[PDB]
Amino acid sequence: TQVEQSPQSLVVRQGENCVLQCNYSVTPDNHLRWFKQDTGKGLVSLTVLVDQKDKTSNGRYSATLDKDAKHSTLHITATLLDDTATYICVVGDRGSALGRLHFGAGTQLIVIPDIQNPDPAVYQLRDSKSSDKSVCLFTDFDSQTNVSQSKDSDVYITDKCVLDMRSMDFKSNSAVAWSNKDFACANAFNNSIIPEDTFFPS
Amino acid sequence: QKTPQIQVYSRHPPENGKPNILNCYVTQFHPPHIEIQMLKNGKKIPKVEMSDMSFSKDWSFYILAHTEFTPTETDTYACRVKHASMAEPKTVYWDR
Amino acid sequence: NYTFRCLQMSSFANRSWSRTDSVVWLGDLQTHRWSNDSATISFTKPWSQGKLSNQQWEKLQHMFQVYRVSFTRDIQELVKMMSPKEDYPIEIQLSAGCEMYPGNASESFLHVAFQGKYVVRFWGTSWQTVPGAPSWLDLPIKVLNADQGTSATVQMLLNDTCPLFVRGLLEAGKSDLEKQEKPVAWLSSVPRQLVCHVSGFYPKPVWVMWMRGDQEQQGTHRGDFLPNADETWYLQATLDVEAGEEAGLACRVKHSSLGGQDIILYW
Amino acid sequence: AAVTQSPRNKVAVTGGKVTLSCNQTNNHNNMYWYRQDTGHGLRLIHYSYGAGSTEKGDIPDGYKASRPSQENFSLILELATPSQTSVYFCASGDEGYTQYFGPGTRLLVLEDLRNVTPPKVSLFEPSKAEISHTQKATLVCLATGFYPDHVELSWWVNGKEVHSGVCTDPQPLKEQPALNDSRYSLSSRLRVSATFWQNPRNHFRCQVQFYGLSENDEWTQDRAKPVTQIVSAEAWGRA
Ligand SMILES: CCCCCCCCCCCCCC[C@@H](O)[C@@H](O)[C@H](/C=C/[C@H]1O[C@H](CO)[C@H](O)[C@H](O)[C@H]1O)NC(=O)CCCCCCCc1ccccc1
Ligand SMILES: *[C@@H]1O[C@H](CO)[C@@H](O[C@@H]2O[C@H](CO)[C@@H](O)[C@H](O)[C@H]2NC(C)=O)[C@H](O)[C@H]1NC(C)=O
Ligand SMILES: *[C@@H]1O[C@H](CO)[C@@H](O[C@@H]2O[C@H](CO)[C@@H](O)[C@H](O)[C@H]2NC(C)=O)[C@H](O)[C@H]1NC(C)=O
Ligand SMILES: *[C@@H]1O[C@H](CO)[C@@H](O)[C@H](O)[C@H]1NC(C)=O
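Chains as they are written, first to last, in PDB author numbering: chain C, 2 to 182, 184 to 204; chain B, 2 to 97; chain A, 7 to 197, 204 to 279; chain D, 2 to 240.
Below is the structure:
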């Protein structure tokens with residue numbers, strides 16, 4: 002492990018900037034490259050720095066290399082939700098196929114989505130093929146709201162998840178609860195600190 | 002594989018009983034791995050000096066081995082060289 | 007007209023064992039040694055550092071230190087890249103330097119030999135193969151030329167650094183280069205070929221001829237220049253003669269160390 | 002410069018035999034096999050400089066590799082072990098330094114395949130409350146009772162996959178946390194405009210691809226053989 006990344010992980014609010022660090026001891030150090038890796042996905046190259054004192058930029062991404070210091074930084078300007086990814090630092094020890102790549106273990110980024118007009122509610126949704134079975138859906142709330150797992154082991158609750166209705170420029174949080182075993187939507191998310199203005203219909 | 006040429010000779014004129022320097026000088030060999038001994042009466046002289054290996058414009062390796070000696074009408078002086086390009090070690094005796 | 011040489015020799019025995027040794031010459035006097043065991047290059051004269059500063063030199067050495075390690079793994083990789091087409095033991099030599107002319111003119115070179123035969127040179131701005139080279143070498147050449155860093159560095163050393171350094175080396179070591187050493191001659195014969209042993213002379217230009225008074229003997233057979241540990245030259249001249257004609261014949265020697273007073277020794 | 006891998010996801014058993022395959026049509030001489038593991042960067046297992054050559058990398062133990070031709074490079078686990086559970090990347094490249102990476106392959110090595118079970122999928126239709134209240138319609142999908150956790154869930158509207166207004170849980174939850182080999186559940190959401198849902202010509206479908214047993218795996222048990230399959234639920238928009 003001649004490639005060391007820092008911070009290990011970090012959390013930011015959408016629209017803020019962040020800086021990521023890479024320090025390495027690999028000798029020689031022909032070039033250094035930054036990769037973006039989405040959860041489950043593969044490795045997209047963002048930039049490659051080559052000179053003794055180097056600067057590159059690719060969109061909102063920019064990077065610097067200083068070979069004397071054997072140190073690199075990646076700057077992300079105006080983070081978006083899609084920036085949620087692991088960033089990986091790679092140093093190659095030759096300028097040909099004779100080289101070996103030296104991988105850092107990456108830095109984990111989470112961008113927190115900017116919720117404009119929150120409108121928390123709990124809806125009930127029914128099975129299409131078997132209308133008796135159903136689920137309760139906490140949705141449209143802001144990020145200051147956390148969602149706790151369930152008190153009962155026979156009740157299930159997923160973690161917050163954000164969706165982007167791209168073409169309408171609209172984002173919304175959501176969690177889903179279900180049980181088989184005396185389970186109704188108003189009693190579903192008791193164990194969670196929910197806003198006092200949460201809409202419950204019918 | 003190039004096969005070695007050995008040349009033994011002295012630094013100063015040879016006068017019996019007077020200290021001097023003997024020169025073993027091997028050349029035109031390949032590959033550069035070689036064993037070289039300088040011998041007084043077929044016995045190996047201990048502290049023999051070796052120059053650094055190098056090669057000519059034609060790529061052939063050469064090396065100089067040397068030792069202090071005191072020639073006498075009685076004693077024989079030789080140079081044994083073991084090398085890949087020979088099955089039998091080659092010995093060359095000093096001749097005045 | 008002096009020629010400066012850096013000489014490298016690396017042997018790769020098998021997939022894991024190897025070594026690399028080097029030596030450096032200005033004309034016929036040795037300036038540097040770099041053993042495989044040694045982590046740093048060594049001076050073999052007092053003036054080996056030429057007109058370079060301590061900082062300047064220490065930079066230059068570090069570059070090479072890295073080079074040696076890189077070069078080892080690279081050759082090894084380039085084998086994998088051929089095999090089974092290529093196979094151990096492998097022997098590589100490089101000869102590089104610059105040759106000095108009147109004024110400021112010089113011409114640099116980098117010449118590589120694979121398994122005893124000259125195959126690759128650096129010319130212009132990239133590696134190329136020379137005539138006679140086995141074709142498979144094109145692939146390595148292509149990889150070597152892929153590496154722009156290296157190319158840059160090599161053009162620099164060859165174009166700029168070498169000459170500049172030699173121009174400086176030539177000043178700082180002029181005393182030793184222009185040093186004059188006087189030849190010592192003796193005679194003998196073997197069953204009759206007569207021998208005129210000449211030893212201890214520097215520089216190497218020398219004129220050794222057999223004489224019958226003034227009659228320049230044409231049967232004189234000159235040998236090869238052999239070295240002496242103290243960095244002086246030894247040579248010998250043999251004459252094939254009939255029994256009896258020993259008395260009278262003499263060896264005459266022309267050398268710059270004498271200055272008009274020619275060595276002349278009679279049998 | 003494309004690099005493809007097959008399979009993209011694989012379940013195998015201790016002592017079994019796995020083949021990971023990489024295809025490149027770039028005419029690249031050089032190909033490399035790596036494995037990614039958390040708290041580690043990519044480490045090199047094997048590489049190859051051309052057809053009929055393979056070279057040991059940094060962590061070659063337990064893997065063997067094969068380069069039948071310029072286009073294909075294979076990683077072979079002969080006696081699979083749980084420790085070889087990882088994501089495997091393949092890459093290629095020419096005389097330059099750049100290496101081009103494939104999309105990855107997840108491998109899971111289990112002790113026994115006796116617990117493997119495909120999911121049951123269910124699609125819950127939007128709330129008319131939501132529609133009035135928000136002018137929007139959230140459909141929810143729910144995959145349940147499956148093991149292991151190797152699934153890909155997608156949303157398809159009218160035979161064409163959608164991405165916008167979708168979100169799936171990052172990790173699937175355990176159904177019986179108490180039990181050692183718990184089966185899993187996973188949930189997802191697709192959100193459209195009310196007008197879009199109200200259209201009875203709009204066909205909505207939640208697809209779960211499940212990875213399990215090959216056709217070549219043995220199965221003794223009574224219940225249906227848990228092969229790799231797609232399991233989905235569907236619904237029609239209504240006004
Ligand atoms: C199968 C055998 C093939 C035979 C052909 C061999 C011909 C040429 C063999 C030697 C030529 C030099 C190889 C240089 C090579 O190893 C590079 O890989 C190496 C490292 C390069 C990296 O790191 C660098 C560090 O700065 C740099 O960032 C590069 O961009 C990167 O790719 N190059 C060097 O380290 C440069 C050193 C200059 C070479 C000078 C050697 C000349 C010489 C040396 C000793 C004696 C005589 C001559
Ligand atoms: C020539 O030089 C190298 C380095 O000086 C030697 O290889 C190294 O050996 C040391 C000690 O045995 C190890 O710590 C290193 O792992 C080796 N270095 C590398 C880069 O692998 C090499 O053995 C020397 N040649 C001989 C004949 O001994
Ligand atoms: C170093 O010297 C070489 C040796 O001639 C120069 O080579 C020329 O490079 C130019 C421009 O890059 C080309 O137009 C020619 O093809 C080259 N000439 C020959 C004879 O090869 C080289 O440019 C010099 N470079 C530096 C950086 O000093
Ligand atoms: C490599 O060669 C050396 C000496 O020439 C020998 O001692 C060593 O065992 C060899 N290695 C192998 C793996 O054959």
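Every residue gets a Cβ at the ideal spot worked out from N, C-alpha and C, and that includes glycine.
Select from the options the residue whose C-alpha is nearest the C-alpha of residue i.
i, options, result
"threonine 28 (chain C)", "C:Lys71, C:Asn192, C:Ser131", "C:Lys71"
"residue 200 (chain A)", "B:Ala66, B:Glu89, B:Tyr94, B:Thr71", "Between 197 and 204 in chain A the model has nothing, and residue 200 (chain A) is one of the residues in that span."
"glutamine 29 (chain B)", "B:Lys58, B:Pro47, B:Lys19, B:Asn17", "B:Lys58"
"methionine 106 (chain A)", "A:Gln230, A:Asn7, A:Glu257, A:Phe213", "A:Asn7"
"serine 165 (chain D)", "D:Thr5, D:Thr26, D:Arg192, D:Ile132", "D:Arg192"
"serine 154 (chain C)", "D:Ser155, D:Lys175, D:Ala92", "D:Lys175"
"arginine 184 (chain D)", "D:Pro120, D:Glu79, D:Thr99", "D:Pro120"
"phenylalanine 201 (chain C)", "C:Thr87, C:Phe142, C:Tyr62", "C:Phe142"
"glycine 146 (chain D)", "D:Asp182, D:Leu109, D:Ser155, D:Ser133", "D:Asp182"
"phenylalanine 102 (chain D)", "C:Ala122, C:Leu126, C:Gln38", "C:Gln38"
"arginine 44 (chain D)", "D:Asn30, D:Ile60, D:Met32, D:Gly51", "D:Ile60"
"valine 117 (chain D)", "D:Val4, D:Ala240, D:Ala3, D:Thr221", "D:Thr221"
"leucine 58 (chain A)", "A:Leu100, A:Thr78, A:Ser41, A:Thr167", "A:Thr167"
"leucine 78 (chain D)", "D:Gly105, D:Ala240, D:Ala234, D:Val14", "D:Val14"
"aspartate 94 (chain C)", "A:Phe171, A:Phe77, A:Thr46", "A:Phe77"
"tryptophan 192 (chain A)", "A:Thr131, A:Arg11, A:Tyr278, A:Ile96", "A:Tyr278"
"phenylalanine 120 (chain A)", "A:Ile81, A:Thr156, A:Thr131", "A:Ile81"
Taking 8 Å as the limit between beta carbons, can you name the residues of its chain near residue i, skipping five residues before and five after?
i, result
"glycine 238 (chain D)", "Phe197, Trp198, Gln199, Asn200, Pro201, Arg202, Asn203, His204, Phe205"
"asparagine 165 (chain A)", "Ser114"
"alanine 92 (chain D)", "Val4, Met32, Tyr33, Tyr35, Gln100, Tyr101, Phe102, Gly103"
Which residues in the same chain have their Cβ closer than 7 Å to the Cβ of residue i, if we skip the five residues on either side of it in sequence?
i, result
"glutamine 55 (chain A)", "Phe49, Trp63"
"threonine 85 (chain C)", "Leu110, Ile111, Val112"
"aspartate 34 (chain A)", "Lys216"
"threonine 55 (chain D)", "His47, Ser49, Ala66, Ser67, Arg68"
Considering only DSSP beta bridges, list what residue i is partnered with.
i, result
"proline 239 (chain A)", "A:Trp245"
"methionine 221 (chain A)", "A:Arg264"
"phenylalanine 201 (chain C)", "C:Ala122"
"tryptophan 156 (chain D)", "D:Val163, D:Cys207"
"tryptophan 31 (chain A)", "A:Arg11, A:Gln36"
"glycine 94 (chain D)", "D:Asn31"
"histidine 31 (chain B)", "B:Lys3"
"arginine 74 (chain A)", "Bridge partners of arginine 74 (chain A): none, in fact."
Exposed or buried, what is residue i when buried is set at 16 or more other beta-carbons lying within 10 Å of its beta-carbon?
i, result
"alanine 144 (chain D)", "buried"
"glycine 138 (chain A)", "exposed"
"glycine 16 (chain D)", "exposed"
"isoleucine 98 (chain A)", "buried"
"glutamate 83 (chain A)", "buried"
"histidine 209 (chain A)", "buried"
"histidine 233 (chain A)", "exposed"
"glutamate 126 (chain D)", "buried"
"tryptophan 179 (chain C)", "buried"
"residue 199 (chain A)", "The gap in chain A between 197 and 204 takes in residue 199 (chain A), so it carries no coordinates here."
"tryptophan 23 (chain A)", "exposed"
"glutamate 219 (chain D)", "exposed"
Can you name, in chain order, every residue of its own chain whose Cβ lies under 6 Å from the Cβ of residue i, other than the five neighbours on each side?
i, result
"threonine 68 (chain B)", "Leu23, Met39, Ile46, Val49"
"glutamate 5 (chain C)", "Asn24"
"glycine 96 (chain C)", "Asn31"
With 8 Å as the C-beta to C-beta threshold (strictly closer), list the residues of the segment 52 to 64 of chain D near chain A in chain order. Answer set for the segment 52 to 64 of chain D: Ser54, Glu56.
Near-chain C residues of the segment 144 to 170 of chain A - C-beta to any C-beta below 8 Å: Residues passing the 8 Å Cβ filter: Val149, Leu150, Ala152, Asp153, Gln154, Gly155, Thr156.
The segment 19 to 44 of chain B: positions lying closer than 8 Å to chain A by Cβ: Interface annotation for the segment 19 to 44 of chain B against chain A: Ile22, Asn24, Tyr26, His31, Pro32, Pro33, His34, criterion Cβ-Cβ distance under 8 Å.
Which of the residues in the segment 222 to 244 of chain A, read from start to end, lie with their CB under 7 Å from any CB of chain B? Contact annotation: in the segment 222 to 244 of chain A, residues whose CB is within less than 7 Å of a CB in chain B are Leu238, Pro239, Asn240, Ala241.
What are the residues in the segment 27 to 47 of chain C lying within 7 Å of chain A by C-beta distance? From the segment 27 to 47 of chain C, only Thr28, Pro29, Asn31 have a Cβ closer than 7 Å to chain A.
Under 8 Å (Cβ pairs) to chain C, residues found in the segment 103 to 128 of chain D: Along the segment 103 to 128 of chain D, the positions whose C-beta sits under 8 Å from a C-beta of chain C are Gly103, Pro104, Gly105, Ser123, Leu124, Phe125, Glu126, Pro127, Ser128, read in chain order.
Given a limit of 8 Å on CB to CB distance, which residues of the segment 75 to 87 of chain A reach chain D? Within the segment 75 to 87 of chain A, the qualifying residues are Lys86, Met87.
By the 8 Å beta-carbon criterion, what residues does the segment 113 to 125 of chain A contribute toward chain B? So the close ones are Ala119, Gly122, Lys123, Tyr124.
Check each residue of the segment 57 to 72 of chain B: if its Cβ is closer than 7 Å to any Cβ of chain A, include it; give the result in chain order. Hits within the stretch, in order: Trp60, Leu65, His67.
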